Amino acid sequence: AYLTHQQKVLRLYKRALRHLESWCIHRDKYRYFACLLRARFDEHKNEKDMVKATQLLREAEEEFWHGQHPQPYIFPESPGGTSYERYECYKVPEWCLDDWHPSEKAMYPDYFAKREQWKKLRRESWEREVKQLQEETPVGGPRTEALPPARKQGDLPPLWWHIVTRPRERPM
Amino acid sequence: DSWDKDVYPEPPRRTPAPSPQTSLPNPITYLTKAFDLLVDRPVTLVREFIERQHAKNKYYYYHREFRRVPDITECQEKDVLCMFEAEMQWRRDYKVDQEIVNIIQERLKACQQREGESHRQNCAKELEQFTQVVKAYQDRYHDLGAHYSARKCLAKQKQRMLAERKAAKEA
Amino acid sequence: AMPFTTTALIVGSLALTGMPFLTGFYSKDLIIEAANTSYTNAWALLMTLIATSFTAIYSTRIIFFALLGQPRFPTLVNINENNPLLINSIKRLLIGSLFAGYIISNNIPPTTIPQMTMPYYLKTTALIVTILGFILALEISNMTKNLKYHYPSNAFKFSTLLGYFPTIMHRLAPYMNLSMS
Amino acid sequence: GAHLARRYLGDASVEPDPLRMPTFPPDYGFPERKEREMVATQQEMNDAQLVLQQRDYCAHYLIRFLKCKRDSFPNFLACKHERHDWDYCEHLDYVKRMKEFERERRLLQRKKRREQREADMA
Amino acid sequence: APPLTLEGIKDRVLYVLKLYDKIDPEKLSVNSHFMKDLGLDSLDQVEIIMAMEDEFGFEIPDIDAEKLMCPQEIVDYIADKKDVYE
Amino acid sequence: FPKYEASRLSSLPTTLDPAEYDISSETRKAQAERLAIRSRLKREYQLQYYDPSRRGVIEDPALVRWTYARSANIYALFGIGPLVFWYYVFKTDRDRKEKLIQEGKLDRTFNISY
Amino acid sequence: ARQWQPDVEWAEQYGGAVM
Amino acid sequence: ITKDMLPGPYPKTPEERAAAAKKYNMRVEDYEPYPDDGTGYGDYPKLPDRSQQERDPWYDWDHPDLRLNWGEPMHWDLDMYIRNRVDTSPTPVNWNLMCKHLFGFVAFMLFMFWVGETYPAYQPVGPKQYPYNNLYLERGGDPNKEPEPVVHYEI
Amino acid sequence: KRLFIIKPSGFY
Amino acid sequence: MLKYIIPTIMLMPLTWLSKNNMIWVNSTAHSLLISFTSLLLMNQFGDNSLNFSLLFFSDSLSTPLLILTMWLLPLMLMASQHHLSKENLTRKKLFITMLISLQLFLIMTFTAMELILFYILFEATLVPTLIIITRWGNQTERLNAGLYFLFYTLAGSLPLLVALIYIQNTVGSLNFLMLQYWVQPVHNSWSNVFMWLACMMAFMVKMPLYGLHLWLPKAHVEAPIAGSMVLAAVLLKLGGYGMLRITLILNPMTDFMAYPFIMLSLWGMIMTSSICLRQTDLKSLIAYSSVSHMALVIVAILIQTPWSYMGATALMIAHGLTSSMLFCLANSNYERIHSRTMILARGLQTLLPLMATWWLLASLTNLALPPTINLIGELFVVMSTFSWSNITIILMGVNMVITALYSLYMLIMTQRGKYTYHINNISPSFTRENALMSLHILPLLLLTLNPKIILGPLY
Amino acid sequence: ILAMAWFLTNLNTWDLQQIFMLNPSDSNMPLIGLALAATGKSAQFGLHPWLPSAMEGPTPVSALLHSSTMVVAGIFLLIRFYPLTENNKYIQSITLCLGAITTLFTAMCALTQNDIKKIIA
Amino acid sequence: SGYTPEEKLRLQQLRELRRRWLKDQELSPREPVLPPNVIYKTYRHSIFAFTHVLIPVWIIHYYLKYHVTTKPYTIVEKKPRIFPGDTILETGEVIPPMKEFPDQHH
Amino acid sequence: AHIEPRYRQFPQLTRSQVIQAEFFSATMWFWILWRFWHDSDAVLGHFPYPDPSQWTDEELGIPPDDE
Ligand SMILES: CCCCCCCCCCCCO[C@@H]1O[C@H](CO)[C@@H](O[C@H]2O[C@H](CO)[C@@H](O)[C@H](O)[C@H]2O)[C@H](O)[C@H]1O
Ligand SMILES: CCCCCCCCCCCCO[C@@H]1O[C@H](CO)[C@@H](O[C@H]2O[C@H](CO)[C@@H](O)[C@H](O)[C@H]2O)[C@H](O)[C@H]1O
Ligand SMILES: CCCCCCCCCCCCO[C@@H]1O[C@H](CO)[C@@H](O[C@H]2O[C@H](CO)[C@@H](O)[C@H](O)[C@H]2O)[C@H](O)[C@H]1O
Ligand SMILES: CCCCCCCCCCCCO[C@@H]1O[C@H](CO)[C@@H](O[C@H]2O[C@H](CO)[C@@H](O)[C@H](O)[C@H]2O)[C@H](O)[C@H]1O
Ligand SMILES: *C(=O)CCCCCCCCCCCCC
């Protein structure tokens, strides 16, 4: 796994607490056991033998799998939650506004004037953005998906349009 | 009335007179009176106007009567000119007999609704007449196939007749 | 916090469980008496009575966890149930849930011989098991407030995961068919 | 009921069989049984369009109730007495069927004692 | 649900931190690093994220959560997901 | 704790997999190599997805290879096997039915639709 | 995508002594 | 796309494996063809039979619904593994134990429905009595025949 | 605040 | 029939002498008038067919096919004029000429009273169809698709020609009316077994019968839209029409010779429906859908019952309008994304809301929702096939389950879900495209109000 | 479809008045067809899972779906045909056991559901 | 852990643009630029009753009265139930009462 | 709007929702109580169930054992 040992323990901790919260339900009850669980992690926090620490983690994962709630609580908009992707059918891409009939664009003379400025800004910045990536990407291509910030003033961060202009989470 | 009651009979209607045993007014009585005034009267007036326009223009249409022609049993083999007229005649009879089974089925279905919970005892004649008519229709037309004809109909009858001859000769 | 929703939810749960003289009593109560005074499969009868008890258990479950106790929702309180459309729509169904069973049961013509002679212990079966369901469900619901930590039984998982029927069938049958060609 | 426990888990030859009874003649032990009277004629039940299962020995009380139901419309809370009369008759009809089951049971008890007494004395 | 604002998000983010016993409500500021300044460790940071998740009713993935190290970063993260621009 | 037992339709969880642990310099060098390929392809896609003047479809050679490989093998449950099985079921069924009709033992009292 | 038409590699299928 | 970038015959040599992997944007170590046996796969990679539901939901995929990236090799049965169809994600219970408990429940229920049929419940009551010879005429009896009368007595 | 709602063209 | 043949030929001078920019306007306008006049063919009688002359006749089986054929010509011109917009002017006129010549052969095929006349016109449809596919197809594989189509058909037709000429020799006539009165039973012999196979295997290939169906997905994937519309809507129906006419003179041998071909159709329909669930190409999915639907028609024709011929007649018309509509719907997407991959362009209901209504309506007819004529036809075949053998209800029932699964799956895959991010050229539906779908779906739904005119001669 | 096929073949009708008037004695096949139809529509055991999954739709859909539309059509279909089932003890035993397992199994599932719509479902 | 200075800086820059974009989704006061108690409620329900009940029932009644019921067995009534002591309106016939009840009671 | 949201506190209520809820809850209990008083047999049984063993051989016509 790409995750370091330190990252693995933390993800288990958060996962373990959430499933514990599903079992307890009542907040006072959950608080009591959450502190006991934090104690178990705090007990071996300073273990320095990475063969013992790795063993402690693997055993902990096995215990979680035996004790996990079969139906854990999920935030409504998280993957698997009851509202996940509920609004994707209302998210329309912004390029659809180019196909609007003139009479449709005439009802928003001020929105479509601002829209042109952004399109101009996108057109003017693109060439610099492409150049910045070329002269920063090591020979052979990128090694990670991390993108650079803008360096000069008046430069926009490379590859920004589809991040800045993405639909709102409540588009309608 | 407007159809022949003999073809579509209906027993006389016996509706009991109202015999209320409650001081309250029957809601249906008032709704009937309102329906009569609001719905029936204007609907009747429009109809009477229409039937006045029709009266000023009375023209007629007729039910086509087909003369009888020799059956397939009287056609010389491979004589298409005589076979064709017997085949057209047989097809018209076939389509007529389908409608006779529909008339009897309609009588049966109307009886079952009319009699209600007593339909099992009170619809015995309609059921009997349906059973007899379905028997005759089956003997005539069942199993001929999609490419049926008076020839195939006749061949089915002859096979049936031979079987019944052996039935009498056997006893 | 939600008084009118709470009233309709209790009336609904009582109607569902077969509280005497609410809309659901005029059908469920009759059905159970007919079932246990009939020439019928004994296992079918028993499973229908146990399920009737379960109806009280999961009705208590909704009432106990939704309405009773301390709030467990997020901090920004937006509880509002004062829209006339919400109130009127539930108000009309609330009135039906009370009297509709009475109104219909007294106006329909009779079409059977309703069996009205039976031992006391057959007449009162639905009421008794429903009451036992409420008691038994209340004790378990109160049992969750204790500072005990328990491992899921096989029975608990079986009920929670719907008998594994969706888990198995909805992976196996689509897989056999989609890989059949 | 206990009758099932006695039959299935106990001795079955001395418990009535609901599908076959009565297995004894109607007169056996009865000097001159009177036949049940049917108040409603067949035509009255036919005109009333009673459901066939409702055309039993209480059908005259049902007809009276149904007539009173029609006449008291819209007062759907009328016919208290008429409905009870029909219900009560159906109860006595059910009690008669309860007696038949007990008679059948007791006769079987008598039979087995007869067979036992004519067995040991053989 | 009623809309959020940048100052509203910041007010509630600190409000939750002020009810945590391992943090000093006086030393707390929007720019306090949970590690360098407040003295907390990795395990406490996880619980802080869970508290913010429970506060605003939505999940922050572990890949994103571990990088939120000061209250301002949490405020910025919430505003981005909720499309708050105030 | 009873160990997890993995089926075809129920895969093994990552957290229960011994491979995921015991990091080796080769496995990390394999993981680092896969990420490089993914980042190379992501950059290739992003430089066309974000292009202001691109109106159309970004043809994916991976999708072209997939459909091409799937549509090629044009030509049990696919031979005489199933056909012969069903031939005897219907032939056997229709032979019995024909015999009953001839022996007048099949009830077709109201059958006049076929 | 415009209609495909035979290219040189296709045409040379028919330029040998035999098919 | 050029013909050299389309699938081909089963690879035979290490260089025919090396070139196939490069064509599919895979490490040569991770590339594995379907076993050669005339079925028709060719050099298409054999990717783990894992549902698309099992992939990271929070990663920024090129196709978020399919959870696919642009250019990565698609599983042979991808249309069978989309999030709408076959799911292979781990279950909180073992697959074999689910099958045993589910079948055992059904097998036990059918057994006791049979026991119920053999030993039905009923009330201690004689058969229901109907007048006019068990309602001979009402039940469609032919009137011309005279049925043997059914006689009921008081008790 | 009234926010502009992005839709595909409905004129056609 | 000259009141339709001559006007159809006049479409050729009209197209060739029309001003350059008016070829599509004039041909479409006047082909619709011909379609309007085709309603006069519905002067049908209970007993006798409509016998115009020694060459041509019309009955209740050919009339709905004739009206479907002439309705389709104006629809193919609308579907064609976009992707041909850059074509050379003369080559536009030749393309339209091929469609006109196809209608001409088709209306004569369905009305020919002489079977050898039927054969010549039946076999003449190959030439315009082959030319359309190979000349105006867009891919390399259009050449192989042409040859498979050509040689599958001739493989069966050449035996058919020998059998027909043999039949005229021993019976004296191949006039269909004459054969109704002079038909004699066919007795068991190896000679008559091969006469039966020759008379039928040409039609089974065009249906197509499962096993001989592999030419059809090839042709569809490579044909232009107009070639796919005629091929699916009408050309497949030539086999069904031929089988409904030729089975008259194959009794009673059809009682046992049908068995292998019923087994292929009963099992084939389940397998082709299942294949539709895993198709990655949209046009190929619709092609395999036709094989599944036409397998019902083969079963119905072979069991030879009054209900099965009414069902088969309705199925052919209903499937004709539905399959043509589905191809046009997939073409409208293809003209945008220029690919046939079904998974490429998703979530289109968001971007093309009205075109998503057409997709829904087309899918519902494909799965045969009551009371559409798609169901009426399908139901009548099920009712009669149940009488033939009760066990078939299982295969018939299963096929309806699978047919629902892939019809809605095709709807869900392309219209629902999230849209594909990088595809940003989905322009709003044109008035031409919307009118094209409404001309498929409205007549299809209107026929529910009066389905007797598509139930054939046994109604 | 099995029911319609049997009724057309054996009684020559799809109309209820004629089905009840002819009163077929041998109704095992048509009634099993209607029972299987009712199982799916009313979500009885074997074809039951879809009804809980139908909680995807908005709550008004669940309200109308679960009360006065789809789910009672299966029961309503079997009530329409009570003149037939009331003379068929074989069909009565099948439907009783089908209903008995359905009522127990889905109430047992509701004991441990945490989603409010699924509990009501 | 935390953001690296480059990771932090890029988020700051996309943040400024994103918030400016969201601000630009607001509508100006003039937009959209469109082109050119019981007495009221009683009227509103008077029109609905007339158009949606009275006109349809007029059409239905004309349809049923003069086109449907003029054909045989189009509308079939379950015959009215007759009870002892009833009087038939058509024929003025009186139905006899039932015979004297045995008269058990409770 | 007419009910301002609150933070970590009990929500604001209108009188009408409280009055209406209380009225309809009472209506349920009046209806239940009123029905007991008038229809207690629907819950306890309408007619006595006879004890079948309290019937005499004379009533059931069981003849003596000897004959
Ligand atoms: C009124 C009540 C109505 C509902 C009644 C339902 C009763 C249904 C009983 C079905 C029992 C089937 O489930 C049964 O449970 C035990 C407990 O693990 C299983 O046992 C299984 O688990 C463990 C190991 O995993 C071991 O005990 C055993 O090796 C293994 O087989 C059985 O293999 C299985 O057959
Ligand atoms: C089943 C009833 C009717 C069957 C009729 C069968 C007769 C043959 C009809 C097709 C004739 C096509 O003739 C020729 O066939 C081969 C494959 O088939 C095609 O060739 C194609 O397949 C071959 C091998 O499969 C490849 O090597 C070749 O690269 C490819 O182009 C030719 O492009 C085509 O010109
Ligand atoms: C798509 C493939 C379809 C395959 C269909 C297979 C159908 C098989 C049909 C078999 C019937 C053939 O026809 C059958 O054989 C011969 C004709 O030579 C006839 O019999 C005749 O030849 C045989 C020779 O063996 C003599 O024994 C016999 O004296 C003579 O009358 C049979 O009376 C006839 O019934
Ligand atoms: C025939 C059908 C039956 C008819 C009987 C109808 C029932 C009477 C209708 C009026 C009901 C009013 O009911 C009464 O209202 C007040 C006003 O909130 C409630 O009082 C409640 O809210 C107010 C405001 O905070 C406070 O008095 C108190 O904090 C709280 O208890 C009472 O708890 C309730 O008992
Ligand atoms: C005997 O009369 C047959 C009854 C069939 C089962 C009914 C269940 C009642 C059990 C009686 C005990 C009391 C518990 C409420």
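Scoring rules and cut-offs
- Each chain is numbered from 1 in the order of its written sequence, a scheme that can depart from the entry numbering, and any residue without coordinates is omitted.
- Chains and ligands are labelled sequentially in the order written, the chains with letters from A and the ligands with numbers from 1.
- Every figure reported here is calculated on the shown chains, themselves a piece of a larger assembly.
- Side-chain figures throughout are based on the complete set of non-hydrogen atoms in the structure, without hydrogens or water.
- The contact criterion used throughout is that any non-hydrogen atoms of two residues lie within 4.5 Å.
- Salt bridges are defined by distance alone: a side-chain nitrogen of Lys or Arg within 4 Å of a carboxyl oxygen of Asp or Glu.
- Polar contact is the term for a pair of N or O atoms within 3.5 Å; when the atoms are in protein, one must be able to donate a hydrogen and the other to accept it, and sequence-neighboring residues count only if both atoms are side-chain atoms.
- Residues are sorted three ways: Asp, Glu, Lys and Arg are charged, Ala, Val, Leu, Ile, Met, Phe, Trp, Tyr, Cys and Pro are nonpolar, and all the rest, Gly among them, are polar.
- UniProt positions are given in the numbering used here, feature names are shortened, and annotations may be inferred rather than shown by experiment.
- Runs of H or I in DSSP of at least four residues are treated as helices and runs of E of at least two as strands, each being numbered from the N terminus.
- Working definition: rings of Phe, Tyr and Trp (its six-membered ring) pair if their centres are within 6.5 Å, and the pair is stacked with planes under 30 degrees apart, edge-to-face with planes over 60 apart, and tilted otherwise.
- Burial status follows relative accessibility: with a 1.4 Å probe on protein chains alone, a residue under 20% of its type maximum counts as buried, one over 50% as exposed, and anything between as partly exposed.
- Look at NZ for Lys and CZ for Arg. If either is within 6 Å of the ring centre and within 35 degrees of the ring normal, a charge sits over the ring.
- Two parts lose some accessible area (1.4 Å probe) when they are put together, and adding that loss for both gives the buried area.
- Nearness of a residue to a molecule or strand requires only that one of the residue's heavy atoms be within 4 Å of it.
- Shrake-Rupley sampling with a 1.4 Å probe provides the accessible areas, and residues are treated as covered by the protein chains on show and by no other component.
- A pair of sulfur atoms, both from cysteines and within 2.5 Å, is called a disulfide here.
- Each residue after the first adds 1.5 Å to the expected span of a helix.
- In this description, a line fitted to the C-alpha atoms serves as the axis of each element, helices being fitted only across the stretch in contact, and the angle between N-to-C directions of two axes falls anywhere from 0 to 180 degrees.
- Any angle from 65 to 115 degrees is called roughly perpendicular, while one under 35 is roughly parallel, one over 145 is roughly antiparallel, and all others are oblique.
- For any helix crossing, the convention is left-handed if the near helix is rotated counterclockwise from the far helix by under a right angle, and right-handed if that rotation is clockwise.

Its PDB record attributes the structure to cryo-EM, giving the resolution as 2.4 Å.

Visitor: Where do I start with the interface of chain L and chain B in this structure?
Guide: The accessible area lost on association of the parts is a frequent measure of interface size. The interface is formed by 26 residues belonging to chain L together with 27 residues belonging to chain B. On inspection of chain L and its partner chain B, the count reaches 4 salt bridges. We note a salt bridge from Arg 13 of chain B to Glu 77 of chain L, for which the minimum N-O separation is 2.7 Å. There are 14 residue pairs in polar contact connecting chain L and chain B. In the side of chain L that touches chain B, the residues fall into 12 nonpolar, 5 polar and 9 charged.

Visitor: I would appreciate a short explanation of the UniProt feature "transmembrane region" in chain L in the present structure.
Guide: Mapped onto this structure's residue numbering, the UniProt feature "transmembrane region" falls at residues 42-64 of chain L. Between the C-alpha atoms that bound residues 42-64 of chain L the distance is 31 Å, and the span itself is 100% helix and 0% strand.

Visitor: What is the right way to look at the packing of aromatic side chains in this model?
Guide: Here a ring pair, both rings aromatic, is described through the centre-centre distance and the interplanar angle of the planes. Evaluated as defined, the whole model comprises 91 aromatic pairs over all chains. Seen from their ring centres, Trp 23 of chain A and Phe 156 of chain C are 5.7 Å apart, and the 40° between their planes marks the pair as tilted. Highlighted residues: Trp 23 of chain A in helix 1 (residues 5-24) and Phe 156 of chain C in helix 7 (residues 154-160), drawn from two different chains. Among the residues examined, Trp 23 of chain A registers a relative accessible area of 10% and is labelled buried. Note on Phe 156 of chain C: relative accessible area 23%, which makes it partly exposed. These aromatic residues form a ring-pair network of at least three members: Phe 21, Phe 25, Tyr 26, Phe 99 and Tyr 102 of chain C together with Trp 31 and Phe 36 of chain M. Of note, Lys 99 of chain D hangs over the ring of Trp 55 of chain M, and the distance from its end group to the ring centre comes to 5.7 Å. Here the guanidinium or amino end of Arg 85 of chain H rests over the ring plane of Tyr 409 of chain J, the centre of that ring lying 3.8 Å away.

Visitor: Is there a simple way to explain the pattern of salt bridges in this structure?
Guide: Two side chains with opposite charge may pair up if their charged atoms get near one another. Counted according to the given criterion, the structure contains 94 salt bridges over all chains. One salt bridge connects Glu 53 of chain E with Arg 18 of chain A, and the closest N-O pair in it is separated by 2.4 Å. Taken as a pair, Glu 53 of chain E in helix 2 (residues 42-56) and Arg 18 of chain A in helix 1 lie in two separate chains rather than in one. We classify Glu 53 of chain E as buried; its relative accessible area is 1%. On the accessibility criterion, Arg 18 of chain A (16% relative accessible area) is buried. Two residues, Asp 97 of chain B and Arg 140 of chain B, come together in a salt bridge whose shortest N-O distance is 2.7 Å. You can see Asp 97 of chain B sitting in helix 2 (residues 80-115) and its partner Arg 140 of chain B sitting in helix 4 (residues 124-141), a full 43 residues away along the chain. Since its relative accessible area comes to 15%, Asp 97 of chain B is described here as buried. Since its relative accessible area comes to 42%, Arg 140 of chain B is described here as partly exposed. One salt-bridge network, held together by shared partners, links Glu 26, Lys 29, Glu 33 and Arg 34 of chain F together with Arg 27, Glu 29 and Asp 30 of chain H.

Visitor: Would you mind showing me how to read the interface of chain H and chain F here?
Guide: Counting residues at the interface gives 36 residues for chain H, matched by 34 residues for chain F. Of the roughly 3300 Å² buried at the junction of chain H and chain F (both faces included), carbon and sulfur atoms supply 56%. It is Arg 27, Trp 70 and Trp 95 of chain H that lose the most area in chain H upon contact with chain F, and together they represent 24% of the buried surface on that side. Across the chain H-chain F interface, the total number found is 5 salt bridges.

Visitor: I keep staring at the site of ligand 4 and nothing clicks. Help me out?
Guide: Ligand 4 sits among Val 18, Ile 19, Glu 22, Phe 23, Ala 26, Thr 27 and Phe 30 of chain M. The fraction of the free accessible surface of ligand 4 (760 Å²) that becomes covered by protein chains is 34%.

Visitor: I would appreciate a short explanation of the state of the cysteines in the present structure.
Guide: Residues and elements named next belong to chain B. Tallying each qualifying case throughout the model produces 1 disulfide over all chains. Through a disulfide, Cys 111 is tied to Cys 123; the S-S separation comes to 2.0 Å. Between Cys 111 and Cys 123, the disulfide has an S-S torsion of -105° and is therefore left-handed. In this pair, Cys 111 sits in helix 2 while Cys 123 sits in the loop between helix 3 (119-122) and helix 4, placing the two residues 12 residues apart along the sequence. Just as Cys 111 is buried, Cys 123 falls in that class too.

Visitor: Quick question: what am I supposed to make of the site of ligand 2 here?
Guide: Residue and element names in this part refer to chain J. Contacts to ligand 2 come from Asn 144, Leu 147, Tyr 148, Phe 151, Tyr 152 and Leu 212. Between ligand 2 and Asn 144 there is a distance of 2.7 Å, counted from an oxygen atom to a side-chain nitrogen or oxygen. One nitrogen or oxygen atom from the side chain of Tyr 148 is found 2.9 Å from an oxygen atom belonging to ligand 2. Burial of ligand 2 by the surrounding chains reaches 36%, relative to a free accessible area of 760 Å². In terms of residue class, the shell around ligand 2 is built from 5 nonpolar, 1 polar and no charged.

Visitor: Sorry if this is basic, but what is going on with helix 18 (residues 392-415) of chain J here?
Guide: Given 3.6 residues to a turn, an α-helix orients residues that are three or four positions apart in the same direction. In a regular helix each residue adds 1.5 Å, so 24 residues correspond to 34 Å; helix 18 of chain J covers 34 Å between its end C-alpha atoms and thus fits that length. Looking one or two places after helix 18 of chain J, you find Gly 417 of chain J, whose phi comes out positive at around 80°.

Visitor: Please clarify how the packing of helix 3 (residues 28-41) of chain K against helix 8 (residues 89-110) of chain K should be interpreted in this entry.
Guide: When two helices pack together, you describe them by how their axes are tilted relative to each other and by the distance separating the axes. Residues and elements named next belong to chain K. Running from N to C, helix 3 and helix 8 cross one another at 15°; their axes reach a closest spacing of 10 Å. It follows that helix 3 is roughly parallel to helix 8 by the angle criterion. Regarding helix 3 and helix 8, the two cross each other, and that crossing is right-handed. Contacts from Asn 28, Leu 31, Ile 32 and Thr 39 in helix 3 reach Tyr 90, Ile 91 and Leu 98 in helix 8. Residues that form the contact of helix 3 with helix 8 fall into these classes: 5 nonpolar, 2 polar and no charged.

Visitor: In this structure, what is going on with the environment of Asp 142 of chain H? I would like to understand it.
Guide: Checked against the element boundaries, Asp 142 of chain H lands in the segment after helix 4 (131-135). Within the structure, the side chain of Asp 142 of chain H is placed 3.3 Å from the backbone nitrogen of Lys 145 of chain H, a separation counted as a polar contact.

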